[PDB]
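J.: Let me give you the structure first, and then I'll get to my questions.
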Amino acid sequence: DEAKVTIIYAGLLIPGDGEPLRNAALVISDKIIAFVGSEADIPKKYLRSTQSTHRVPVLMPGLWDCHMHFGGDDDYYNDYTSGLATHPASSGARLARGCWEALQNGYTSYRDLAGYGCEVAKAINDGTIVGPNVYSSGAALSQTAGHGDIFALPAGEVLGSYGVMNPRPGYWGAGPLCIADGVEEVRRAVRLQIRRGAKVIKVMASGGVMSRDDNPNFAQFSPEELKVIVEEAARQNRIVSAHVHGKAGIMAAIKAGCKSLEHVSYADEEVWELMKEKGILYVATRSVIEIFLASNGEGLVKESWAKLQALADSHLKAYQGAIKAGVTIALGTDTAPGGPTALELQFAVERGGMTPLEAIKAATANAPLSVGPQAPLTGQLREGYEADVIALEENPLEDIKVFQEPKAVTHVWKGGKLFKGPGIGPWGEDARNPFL
Amino acid sequence: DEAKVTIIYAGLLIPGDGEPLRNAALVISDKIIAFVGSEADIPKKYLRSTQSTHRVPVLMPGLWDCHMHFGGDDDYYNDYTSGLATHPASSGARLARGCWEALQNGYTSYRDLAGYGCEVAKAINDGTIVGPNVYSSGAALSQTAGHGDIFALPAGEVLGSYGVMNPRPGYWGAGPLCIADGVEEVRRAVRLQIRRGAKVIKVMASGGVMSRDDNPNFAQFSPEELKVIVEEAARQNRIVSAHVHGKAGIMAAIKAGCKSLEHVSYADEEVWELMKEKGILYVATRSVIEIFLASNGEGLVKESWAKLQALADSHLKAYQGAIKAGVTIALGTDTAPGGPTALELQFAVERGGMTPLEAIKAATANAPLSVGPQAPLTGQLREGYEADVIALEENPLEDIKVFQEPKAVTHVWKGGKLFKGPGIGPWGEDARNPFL
Amino acid sequence: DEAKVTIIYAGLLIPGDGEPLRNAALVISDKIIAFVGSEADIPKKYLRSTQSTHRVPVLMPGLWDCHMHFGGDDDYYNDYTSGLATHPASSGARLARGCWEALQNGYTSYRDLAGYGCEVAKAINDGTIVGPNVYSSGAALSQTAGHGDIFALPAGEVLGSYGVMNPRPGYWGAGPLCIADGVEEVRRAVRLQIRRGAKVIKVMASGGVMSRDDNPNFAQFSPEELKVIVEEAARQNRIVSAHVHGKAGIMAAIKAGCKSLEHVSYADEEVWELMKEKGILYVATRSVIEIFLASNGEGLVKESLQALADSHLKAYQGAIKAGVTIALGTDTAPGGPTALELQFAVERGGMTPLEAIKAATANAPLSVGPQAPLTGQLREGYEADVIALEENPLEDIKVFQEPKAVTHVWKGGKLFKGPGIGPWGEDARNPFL
Amino acid sequence: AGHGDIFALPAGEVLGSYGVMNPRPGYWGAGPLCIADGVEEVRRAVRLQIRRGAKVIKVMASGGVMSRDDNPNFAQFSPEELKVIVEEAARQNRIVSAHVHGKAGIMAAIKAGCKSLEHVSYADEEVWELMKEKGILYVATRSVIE
Ligand SMILES: [Zn+2]
Ligand SMILES: [Zn+2]
Ligand SMILES: [Zn+2]
Ligand SMILES: [Zn+2]
Ligand SMILES: [Zn+2]
Ligand SMILES: [Zn+2]
Ligand SMILES: [Zn+2]
């Protein structure tokens with residue numbers, strides 16, 4: 001019948017791309033952004049129709065983390081074994097709390113690279129719980145003995161749970177991990193994730209630090225296997241995000257047509273010029289490294305000295321030079337939902353050497369590039385884009401660490417609906433118990 | 001010893017291709033058509049030998065529906081889940097009633113694109129029941145997460161029932177659906193249907209509206225997989241019929257060598273010129289769209305807004321322009337046997353804009369192109385062609401909706417045997433209880 | 001909505017139990033029988049309300065066959081192998097034709113002892129097709145190496161298809177046959193049939209002739225296994241029907257609590273007194289024997305008896321003479337020559353036509369015990385399953401072998417065959433529109 | 001074929017998911033439902049729940065209305081099977097709660113040693129005196145009906 005209009009005046013309006021605005025105003029018609037500009041120039045059309053108005057210090061688009069892991073693991077096992085042993089109900093319950101906190105922190109979009117993102121996003125989407133927009137990969141695809149693999153378990157236990165062969169009862173094809181070997185098997189692997197509703201595909205294209213036995217210098221999967229994985233994704237209009245450390249894996253991922261790279265630890269002059277020339281998103285995921293450098297190995301298994309300082313330093317140079325060279329960048333934390341995503345911003349500025357303005361851009365305007373065609377117009381405060389907007393109390397351009405205080409976010413709009421705000425309940429506005 | 005001759009004089013004789021005839025006569029020696037021409041010019045040879053004679057107002061060849069679905073589903077589940085849950089005995093019993101009604105309506109040939117057509121055609125062929133000529137594909141071949149897939153069930157349950165791996169007791173390889181991924185698996189899939197006696201192969205080469213999660217714009221299967229499927233069919237002298245909506249799937253099906261396309265919703269100038277240049281049958285299957293547009297979504301699941309009006313309109317333009325451009329066309333309803341196939345005729349004329357004469361041609365003379373080399377000489381009232389002939393009471397050229405009245409068909413000949421006629425029993429002429 | 005009343009006047013009315021009536025009348029309110037008595041004594045309240053009347057020569061209740069086999073096998077394999085190889089879709093299609101012919105012959109109830117009766121009764125019940133009332137056992141339960149078994153196949157192929165272990169895709173638990181060994185396995189076997197909706201349970205409690213290698217003198221299953229099978233049925237208010245030939249199997253079935261016996265070929269004085277004292281239904285199934293004695297065996301496997309044929313006759317005859325409750329079963333596919341069993345009742349067992357009609361009607365619902373409604377008799381309150389004839393069967397019992405001789409067929413008070421009534425019965429409409 | 005059973009699915013799909021035979025990947029033994037037939041199988045069924053940490057055991061001891069095809073008048077499981085289920089629970093200091101409607105199922109549950117009954121729809125004079133004399137909890141669950 002009639003559009004639901006909300007007007008928001010802002011002391012400072014940070015739009016995602018382009019300079020921030022002073023004493024500006026933004027309008028929301030229903031689910032989308034109807035106006036952005038200085039407070040003076042608001043259409044009178046909207047002044048007449050609105051039924052809601054807020055004034056806030058700082059206004060900016062909703063934040064994205066682009067590397068998240070919907071695990072909800074039990075705290076029993078230190079390594080990936082928890083992934084398999086944890087019953088998905090326990091995981092689901094925990095992932096609820098995490099998605100809440102995420103939203104409560106102004107994170108309105110997540111790209112889940114391994115986990116139950118697909119299965120949980122439906123409890124979000126029927127409104128049984130609340131959370132960011134979730135763009136899941138279903139399971140990460142890994143070769144046998146790949147970064148995905150659980151080396152501490154016998155191969156049979158692992159491939160029984162996560163292989164693409166021998167269908168069976170017990171939610172075959174719907175785990176955090178998917179082990180495929182060969183061109184035939186990777187086809188089913190890609191397709192099994194699409195079946196769950198995945199909006200991006202994740203591959204382990206090089207060795208990793210979290211897996212116990214495997215070496216990050218070396219590539220994983222064949223060029224043959226990766227080409228197919230990309231093509232399979234491309235046909236359903238997904239893109240592939242590749243986890244890579246060594247240069248070998250990085251170049252294989254680029255050759256195959258992957259469009260997002262994670263960590264990219266051994267990126268050098270050649271890699272940056274490529275990622276630009278080919279328009280590939282670089283996601284450093286620095287948080288993990290800095291968290292554990294400071295931890296000095298609390299929380300990890302002793303074989304995760306793999307990260308070392310050779311890796312830690314290389315990784316930094318890669319991120320820094322990528323910035324300097326002008327590679328498109330977005331921000332990922334590599335943690336559970338509700339984890340300290342805000343940190344990545346800090347490290348963008350302090351370690352990569354961005355301006356706060358650019359770090360905000362990597363968290364907002366650029367972040368939807370992480371799912372390519374599955375993204376709407378969003379991550380920016382601009383007419384026509386999706387009304388995912390948040391309001392602040394302090395100016396992040398002065399202090400970027402402001403995001404690490406959840407109370408500093410006062411208003412949270414996702415799809416033009418208000419989930420956190422003054423005298424707004426824990427499950428957002430006009431909330432009602434879905435079980436009645 | 002001696003040929004069984006039947007003479008039929010007709011007020012109007014509509015032959016399938018070429019102008020209709022006035023006050024004509026047709027002869028049947030045994031299983032085939034011995035003469036067509038004006039009543040005056042009957043060979044005296046036949047006048048001397050005949051033991052049967054009928055005069056009817058209108059005479060035309062037996063009708064074909066070219067997209068039918070031998071499911072016989074229980075009415076319990078709304079989606080494809082019924083396909084798996086329904087015991088094939090229940091389906092078989094129901095498909096009997098359907099085949100009867102079909103014949104009773106002057107449908108003497110069906111092309112079953114997914115279902116038990118092969119398994120039921122043997123109860124027809126031993127004469128335990130009666131029905132049209134059935135040309136089944138056995139199961140429709142679909143990729144995992146394809147249009148064939150039952151998304152509401154766990155992947156394991158589905159691939160256990162319908163995969164081409166892990167042979168087992170319980171009629172492995174003989175369902176309504178067949179899920180193959182990769183070049184190796186599609187080979188067995190094609191071959192499993194041939195094993196059942198299938199005379200055509202059906203692929204889902206694009207997303208569909210009836211399946212819950214998948215998007216009709218995008219292609220399905222690899223070009224690699226489809227090439228093989230075509231070649232496998234070609235070697236046994238079958239052809240492949242491809243279900244396609246988006247242009248992407250349409251062009252992939254054409255490149256692979258498919259020779260029938262279903263729906264073809266996003267066909268445009270480029271597609272029509274191809275289907276002609278390459279001699280590919282276009283089967284619109286409009287009934288489904290119009291039935292549910294009028295229903296306004298009664299009978300469907302809420303995620304079948306996929307059809308939308310974007311799809312519904314596009315589809316119409318495709319069909320219309322295909323007609324205008326002179327693409328070879330045949331008629332398919334996409335329903336169970338006994339369903340309202342007669343409707344498709346109406347929509348041919350009223351929506352596609354055919355003349356009634358051309359709509360009859362798409363239901364008769366063209367329809368055997370739908371199975372290529374597996375077709376005899378049939379679907380036309382012409383010397384040497386198979387004696388599948390029906391008689392009417394009213395002239396369909398004046399009113400095409402006449403077919404929607406089953407009583408308007410008074411005589412039904414299949415293989416020169418009379419199944420419906422004056423004082424002819426429910427199981428046709430010289431019928432006897434097969435269980436004595 | 002007012003009750004739909006139909007009145008039928010009859011020259012002769014044969015009610016099932018009790019003497020037949022002359023110049024009688026019967027009323028049907030909706031699904032059930034509202035009045036039976038002489039034409040004179042019809043309640044006037046029904047004369048005022050009826051919207052239909054018929055007059056027919058002979059009126060009697062709808063017929064039952066109590067041993068039927070919903071197989072719909074392909075004609076390729078001559079033994080039980082056809083059972084496994086035939087795709088159930090082919091079977092279903094065929095079983096449709098059979099059920100039609102059945103109804104068209106005045107058979108309004110069938111007890112299917114092995115086959116797809118449950119799965120097909122679904123297509124009957126939603127009215128997609130027509131057929132008698134079906135009371136299926138799902139699969140017949142047999143031990144390994146039992147009468148059920150397909151000896152010509154390797155044991156693994158058979159138990160993969162029909163065992164109660166190793167669930168899998170492909171309609172596990174829903175075949176013509178079910179092989180269980182041991183007390184634990186027979187519990188699942190009984191239960192798997194109930195799952196399909198079965199209203200009776202069938203066991204092979206002795207060797208048979210239609211299986212390739214087993215001997216009909218010997219018992220099958222353990223007393224232990226049968227006791228459990230009975231108890232499992234009893235808990236869901238089914239009863240067990242046991243196929244038995246040798247005395248050994250017969251007495252084991254009776255001891256376990258089975259309430260219907262099939263063939264009962266070696267029944268003697270002791271068995272008859274038991275079946276009466278315990279109230280167990282005797283179903284001879286003579287048709288098979290006489291069909292193949294006349295065939296001189298053509299159509300069977302060489303492992304088919306003239307000794308057995310005689311014993312079987314004596315059992316049936318003496319059972320009749322001794323007054324055992326009897327019903328009639330042909331042991332064929334639906335549509336098959338059930339009418340014959342009547343003829344043999346009279347001519348071989350030596351019953352009067354009246355008693356043979358009673359075994360096909362009034363007694364026949366005893367074959368499913370508590371699963372039976374009030375039916376199989378033309379009597380007030382009983383279910384309106386009624387048929388009409390042209391000739392008097394009491395004079396010639398062979399009249400049933402002529403399907404035209406049945407002119408009217410009412411099942412559940414709905415008319416499926418009658419004057420100017422279509423092939424799928426009255427007010428029929430294409431279910432696919 | 002119990003109240004737990006999903007009748008609209010083929011039996012194999014159901015027992016693959018919920019049976020106590022054929023262990024496999026995919027959280028075998030950890031669903032909403034557990035189908036056991038026979039004394040040997042019910043032992044594992046009770047035990048599989050304790051494995052998950054369960055503090056009570058639930059049996060369907062009669063037909064229900066929320067399952068598609070089964071009749072609430074009739075009992076379910078054998079007295080034999082229930083006795084074992086109770087004993088298995090008792091050994092780990094759990095008790096058994098039985099879902100029952102028909103008197104047949106109610107009395108079989110009481111005889112086996114169940115200590116909580118659900119719905120108890122056909123309870124009468126005899127059942128009440130028993131539940132008191134034996135100290136069995138009655139839980140009506142009226143909400144569903146109303
Ligand atoms: Zn990673
Ligand atoms: Zn990661
Ligand atoms: Zn289609
Ligand atoms: Zn279709
Ligand atoms: Zn027998
Ligand atoms: Zn038998
Ligand atoms: Zn309950």
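We label chains A, B, ... in the order they appear in the structure tokens, count residues from 1 in each chain, and number ligands from 1 in the order shown.
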Output as a JSON list (two decimals) with C-alpha atoms, in the first residue's frame the set of chain C residues within 6 Å of chain B, with distances taken over only C-alpha atoms.
T.:
```json
[["chain", "number", "residue", "atom", "x", "y", "z"],
["C", 88, "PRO", "CA", 6.47, -52.85, -9.48],
["C", 89, "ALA", "CA", 5.22, -50.24, -11.98],
["C", 90, "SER", "CA", 4.61, -52.98, -14.50],
["C", 92, "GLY", "CA", 0.78, -52.06, -10.65],
["C", 93, "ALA", "CA", -0.46, -51.34, -14.16],
["C", 94, "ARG", "CA", -1.45, -54.96, -14.60],
["C", 96, "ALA", "CA", -5.38, -52.31, -12.22],
["C", 119, "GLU", "CA", 0.40, -50.23, -2.47],
["C", 120, "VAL", "CA", -2.38, -50.72, -5.01],
["C", 123, "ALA", "CA", -5.01, -46.13, -5.99],
["C", 128, "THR", "CA", -7.95, -43.25, -9.32],
["C", 160, "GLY", "CA", 19.24, -58.25, -0.28],
["C", 161, "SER", "CA", 15.82, -57.81, -1.83],
["C", 169, "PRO", "CA", 17.05, -47.00, -0.96],
["C", 170, "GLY", "CA", 14.62, -48.83, -3.31],
["C", 335, "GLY", "CA", -9.21, -60.94, -12.42],
["C", 336, "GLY", "CA", -8.33, -64.61, -12.37],
["C", 432, "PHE", "CA", -6.36, -36.30, -13.93],
["C", 433, "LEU", "CA", -8.28, -33.08, -14.76]]
```
J.: Write out as number ranges by chain the set of residues from stretch 269-310 of chain B that DSSP, computed on the backbone, places in helix (DSSP H, G or I).
T.: B: 269-278, 286-295, 302-306, 310
J.: Atoms to include: C-alpha atoms. Write the selected residues as an mmCIF file, in the first residue's frame.
T.:
```cif
data_model
loop_
_atom_site.group_PDB
_atom_site.id
_atom_site.type_symbol
_atom_site.label_atom_id
_atom_site.label_comp_id
_atom_site.auth_asym_id
_atom_site.auth_seq_id
_atom_site.Cartn_x
_atom_site.Cartn_y
_atom_site.Cartn_z
ATOM 1 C CA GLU B 269 16.111 -14.372 -32.904
ATOM 2 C CA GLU B 270 19.419 -16.207 -32.588
ATOM 3 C CA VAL B 271 17.853 -19.353 -31.138
ATOM 4 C CA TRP B 272 15.136 -19.669 -33.760
ATOM 5 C CA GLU B 273 17.577 -19.349 -36.697
ATOM 6 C CA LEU B 274 19.639 -22.059 -35.071
ATOM 7 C CA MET B 275 16.835 -24.506 -34.328
ATOM 8 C CA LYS B 276 15.859 -24.248 -38.034
ATOM 9 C CA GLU B 277 19.382 -24.338 -39.405
ATOM 10 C CA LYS B 278 20.020 -27.417 -37.253
ATOM 11 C CA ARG B 286 2.575 -23.653 -22.531
ATOM 12 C CA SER B 287 -0.215 -25.415 -20.646
ATOM 13 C CA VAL B 288 1.694 -25.446 -17.379
ATOM 14 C CA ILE B 289 2.246 -21.645 -17.405
ATOM 15 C CA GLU B 290 -1.336 -20.732 -18.344
ATOM 16 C CA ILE B 291 -2.807 -23.293 -15.888
ATOM 17 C CA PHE B 292 -1.008 -21.709 -12.978
ATOM 18 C CA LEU B 293 -1.265 -18.067 -14.076
ATOM 19 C CA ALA B 294 -5.053 -18.660 -13.941
ATOM 20 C CA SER B 295 -4.693 -20.667 -10.729
ATOM 21 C CA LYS B 302 5.486 -20.707 -2.754
ATOM 22 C CA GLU B 303 9.031 -20.719 -4.351
ATOM 23 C CA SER B 304 7.444 -21.338 -7.774
ATOM 24 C CA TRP B 305 6.966 -17.553 -8.113
ATOM 25 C CA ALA B 306 10.153 -18.294 -10.184
ATOM 26 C CA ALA B 310 9.133 -12.158 -16.415
#
```
J.: Write out as an MDAnalysis selection string the residues lying within 12 Å of stretch 19-24 of chain B, counting only C-alpha atoms and excluding same-chain residues fewer than 6 positions away.
T.: chainID B and resid 7:13 35:42 55:61 356:358 360:361 380:382 395:397
J.: How would you write, as a list in words, the set of residues no farther than 9 Å from ligand 7 when counting only C-alpha atoms and all ligand atoms?
T.: residues 3, 60, 64, 65, 66, 98, 99, 100, 101, 118, 119 and 141 of chain D
J.: How about saving the chosen residues, N, CA, C and O atoms kept, as a PDB file, in the first residue's frame?
T.:
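Dumped everything to out27.pdb:
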```
ATOM      1  N   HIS D   3       4.582 -45.157  16.548  1.00  0.00           N
ATOM      2  CA  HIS D   3       4.154 -43.768  16.532  1.00  0.00           C
ATOM      3  C   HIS D   3       5.287 -42.867  16.077  1.00  0.00           C
ATOM      4  O   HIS D   3       5.067 -41.846  15.434  1.00  0.00           O
ATOM      5  N   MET D  60       7.506 -44.914  22.766  1.00  0.00           N
ATOM      6  CA  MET D  60       6.178 -44.851  22.227  1.00  0.00           C
ATOM      7  C   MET D  60       5.583 -46.219  22.520  1.00  0.00           C
ATOM      8  O   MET D  60       5.928 -47.190  21.844  1.00  0.00           O
ATOM      9  N   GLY D  64      -0.207 -43.228  17.968  1.00  0.00           N
ATOM     10  CA  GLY D  64      -0.468 -41.803  18.174  1.00  0.00           C
ATOM     11  C   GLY D  64      -1.237 -41.160  17.033  1.00  0.00           C
ATOM     12  O   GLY D  64      -1.450 -41.765  15.974  1.00  0.00           O
ATOM     13  N   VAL D  65      -1.620 -39.906  17.253  1.00  0.00           N
ATOM     14  CA  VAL D  65      -2.396 -39.134  16.280  1.00  0.00           C
ATOM     15  C   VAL D  65      -1.513 -38.287  15.336  1.00  0.00           C
ATOM     16  O   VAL D  65      -1.854 -38.124  14.161  1.00  0.00           O
ATOM     17  N   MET D  66      -0.395 -37.763  15.856  1.00  0.00           N
ATOM     18  CA  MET D  66       0.597 -36.980  15.081  1.00  0.00           C
ATOM     19  C   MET D  66       1.472 -37.765  14.062  1.00  0.00           C
ATOM     20  O   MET D  66       2.177 -37.134  13.254  1.00  0.00           O
ATOM     21  N   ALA D  98       6.602 -42.970  29.077  1.00  0.00           N
ATOM     22  CA  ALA D  98       5.901 -43.657  28.030  1.00  0.00           C
ATOM     23  C   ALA D  98       4.748 -42.833  27.499  1.00  0.00           C
ATOM     24  O   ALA D  98       3.937 -42.334  28.266  1.00  0.00           O
ATOM     25  N   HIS D  99       4.683 -42.709  26.181  1.00  0.00           N
ATOM     26  CA  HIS D  99       3.583 -42.066  25.500  1.00  0.00           C
ATOM     27  C   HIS D  99       2.538 -43.115  25.288  1.00  0.00           C
ATOM     28  O   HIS D  99       2.821 -44.124  24.682  1.00  0.00           O
ATOM     29  N   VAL D 100       1.331 -42.889  25.785  1.00  0.00           N
ATOM     30  CA  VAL D 100       0.269 -43.892  25.697  1.00  0.00           C
ATOM     31  C   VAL D 100      -1.110 -43.285  25.573  1.00  0.00           C
ATOM     32  O   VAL D 100      -1.404 -42.287  26.189  1.00  0.00           O
ATOM     33  N   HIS D 101      -1.959 -43.919  24.791  1.00  0.00           N
ATOM     34  CA  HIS D 101      -3.337 -43.517  24.651  1.00  0.00           C
ATOM     35  C   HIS D 101      -4.264 -44.676  25.060  1.00  0.00           C
ATOM     36  O   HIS D 101      -4.926 -44.622  26.096  1.00  0.00           O
ATOM     37  N   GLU D 118       2.394 -40.198  29.295  1.00  0.00           N
ATOM     38  CA  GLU D 118       1.990 -38.980  28.579  1.00  0.00           C
ATOM     39  C   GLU D 118       0.634 -39.158  27.922  1.00  0.00           C
ATOM     40  O   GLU D 118       0.370 -40.180  27.307  1.00  0.00           O
ATOM     41  N   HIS D 119      -0.202 -38.138  28.038  1.00  0.00           N
ATOM     42  CA  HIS D 119      -1.546 -38.141  27.488  1.00  0.00           C
ATOM     43  C   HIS D 119      -2.477 -39.067  28.287  1.00  0.00           C
ATOM     44  O   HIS D 119      -3.443 -38.626  28.939  1.00  0.00           O
ATOM     45  N   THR D 141      -0.770 -33.336  28.961  1.00  0.00           N
ATOM     46  CA  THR D 141      -0.492 -32.679  27.683  1.00  0.00           C
ATOM     47  C   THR D 141      -1.787 -32.268  26.955  1.00  0.00           C
ATOM     48  O   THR D 141      -2.028 -32.644  25.812  1.00  0.00           O
TER      49      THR D 141
END
```
J.: Could you list, as a PyMOL selection string, the residues of chain D having an atom within 9 Å of chain C when counting only C-alpha atoms?
T.: chain D and resi 1-2+5+7+10-16+19+21-22+36-41+69-71+73-78+104
J.: Next, dump the selected residues to file, keeping only N, CA and C atoms, as an mmCIF file, in the first residue's frame.
T.:
```cif
data_model
loop_
_atom_site.group_PDB
_atom_site.id
_atom_site.type_symbol
_atom_site.label_atom_id
_atom_site.label_comp_id
_atom_site.auth_asym_id
_atom_site.auth_seq_id
_atom_site.Cartn_x
_atom_site.Cartn_y
_atom_site.Cartn_z
ATOM 1 N N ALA D 1 7.027 -49.063 12.281
ATOM 2 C CA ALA D 1 5.572 -48.894 12.207
ATOM 3 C C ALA D 1 4.962 -48.367 13.525
ATOM 4 N N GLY D 2 5.812 -47.836 14.395
ATOM 5 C CA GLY D 2 5.378 -47.210 15.631
ATOM 6 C C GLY D 2 5.002 -45.761 15.449
ATOM 7 N N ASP D 5 7.372 -43.557 13.768
ATOM 8 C CA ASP D 5 7.745 -43.798 12.381
ATOM 9 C C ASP D 5 7.204 -42.722 11.409
ATOM 10 N N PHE D 7 5.689 -42.540 8.148
ATOM 11 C CA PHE D 7 5.066 -43.515 7.286
ATOM 12 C C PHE D 7 5.110 -43.081 5.862
ATOM 13 N N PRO D 10 9.708 -44.292 2.461
ATOM 14 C CA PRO D 10 10.043 -45.695 2.392
ATOM 15 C C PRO D 10 10.771 -46.166 3.648
ATOM 16 N N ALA D 11 10.525 -47.406 4.068
ATOM 17 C CA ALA D 11 11.085 -47.872 5.345
ATOM 18 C C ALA D 11 12.612 -47.790 5.403
ATOM 19 N N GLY D 12 13.276 -47.996 4.270
ATOM 20 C CA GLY D 12 14.740 -47.992 4.240
ATOM 21 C C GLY D 12 15.306 -46.617 4.547
ATOM 22 N N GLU D 13 14.643 -45.576 4.075
ATOM 23 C CA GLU D 13 15.172 -44.240 4.279
ATOM 24 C C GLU D 13 15.131 -43.905 5.746
ATOM 25 N N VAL D 14 14.058 -44.347 6.379
ATOM 26 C CA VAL D 14 13.819 -44.106 7.787
ATOM 27 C C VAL D 14 14.767 -44.910 8.663
ATOM 28 N N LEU D 15 14.966 -46.189 8.362
ATOM 29 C CA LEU D 15 15.811 -46.998 9.239
ATOM 30 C C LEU D 15 17.286 -46.755 9.032
ATOM 31 N N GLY D 16 17.663 -46.359 7.825
ATOM 32 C CA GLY D 16 19.004 -45.849 7.578
ATOM 33 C C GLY D 16 19.310 -44.658 8.466
ATOM 34 N N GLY D 19 17.773 -46.251 12.591
ATOM 35 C CA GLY D 19 17.968 -47.578 13.135
ATOM 36 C C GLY D 19 19.212 -47.730 13.998
ATOM 37 N N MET D 21 21.334 -50.296 13.710
ATOM 38 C CA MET D 21 22.183 -51.242 12.963
ATOM 39 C C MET D 21 22.919 -50.419 11.909
ATOM 40 N N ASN D 22 24.022 -50.923 11.410
ATOM 41 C CA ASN D 22 24.789 -50.199 10.366
ATOM 42 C C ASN D 22 25.319 -48.837 10.800
ATOM 43 N N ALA D 36 13.983 -49.285 16.933
ATOM 44 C CA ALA D 36 14.507 -50.561 17.332
ATOM 45 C C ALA D 36 13.420 -51.608 17.368
ATOM 46 N N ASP D 37 13.758 -52.799 16.898
ATOM 47 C CA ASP D 37 12.862 -53.910 16.979
ATOM 48 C C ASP D 37 13.594 -55.070 17.619
ATOM 49 N N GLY D 38 13.011 -55.615 18.677
ATOM 50 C CA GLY D 38 13.563 -56.790 19.333
ATOM 51 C C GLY D 38 14.392 -56.458 20.544
ATOM 52 N N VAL D 39 14.584 -57.441 21.390
ATOM 53 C CA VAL D 39 15.222 -57.198 22.667
ATOM 54 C C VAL D 39 16.681 -56.744 22.470
ATOM 55 N N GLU D 40 17.356 -57.300 21.470
ATOM 56 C CA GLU D 40 18.760 -56.986 21.229
ATOM 57 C C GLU D 40 18.877 -55.555 20.782
ATOM 58 N N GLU D 41 18.043 -55.156 19.837
ATOM 59 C CA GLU D 41 18.108 -53.787 19.329
ATOM 60 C C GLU D 41 17.703 -52.694 20.346
ATOM 61 N N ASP D 69 -0.343 -42.960 10.053
ATOM 62 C CA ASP D 69 -1.115 -44.194 9.810
ATOM 63 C C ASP D 69 -1.445 -45.104 11.001
ATOM 64 N N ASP D 70 -0.805 -44.921 12.151
ATOM 65 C CA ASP D 70 -1.014 -45.835 13.299
ATOM 66 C C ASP D 70 -2.212 -45.440 14.232
ATOM 67 N N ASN D 71 -2.764 -46.460 14.913
ATOM 68 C CA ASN D 71 -4.005 -46.361 15.706
ATOM 69 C C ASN D 71 -3.705 -46.276 17.208
ATOM 70 N N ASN D 73 -5.543 -46.800 19.865
ATOM 71 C CA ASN D 73 -6.041 -47.848 20.761
ATOM 72 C C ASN D 73 -5.059 -48.934 21.094
ATOM 73 N N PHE D 74 -4.177 -49.255 20.150
ATOM 74 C CA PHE D 74 -3.307 -50.441 20.250
ATOM 75 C C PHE D 74 -1.995 -50.147 20.933
ATOM 76 N N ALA D 75 -1.436 -51.167 21.579
ATOM 77 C CA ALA D 75 -0.134 -51.041 22.252
ATOM 78 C C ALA D 75 0.974 -51.087 21.212
ATOM 79 N N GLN D 76 2.186 -50.745 21.643
ATOM 80 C CA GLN D 76 3.374 -50.823 20.788
ATOM 81 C C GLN D 76 4.548 -51.271 21.602
ATOM 82 N N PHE D 77 5.508 -51.872 20.905
ATOM 83 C CA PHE D 77 6.528 -52.698 21.519
ATOM 84 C C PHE D 77 5.928 -53.928 22.202
ATOM 85 N N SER D 78 6.764 -54.926 22.420
ATOM 86 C CA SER D 78 6.381 -56.076 23.192
ATOM 87 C C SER D 78 6.641 -55.801 24.667
ATOM 88 N N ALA D 104 -4.635 -50.687 26.582
ATOM 89 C CA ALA D 104 -3.617 -51.711 26.247
ATOM 90 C C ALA D 104 -2.156 -51.244 26.408
#
```
J.: Counting only C-alpha atoms and all ligand atoms, what residues are within 9 Å of ligand 4, given as a PyMOL selection string?
T.: chain B and resi 67-69+113-114+140+204+208+210+243+262-263+285+333-335
J.: Up to 10 Å from chain B, what residues of chain A turn up? Count only C-alpha atoms and give them as a PyMOL selection string.
T.: chain A and resi 164-174+183-197+228+231-232+234-237
J.: Env of residue A:390: 12 Å cut, atoms = only C-alpha atoms, seq-sep filter 4 positions within chain, self excluded. Answer as a PyMOL selection string.
T.: chain A and resi 8+10+13-16+26+54+56-64+103-108+364+379-381+403+406+408-421
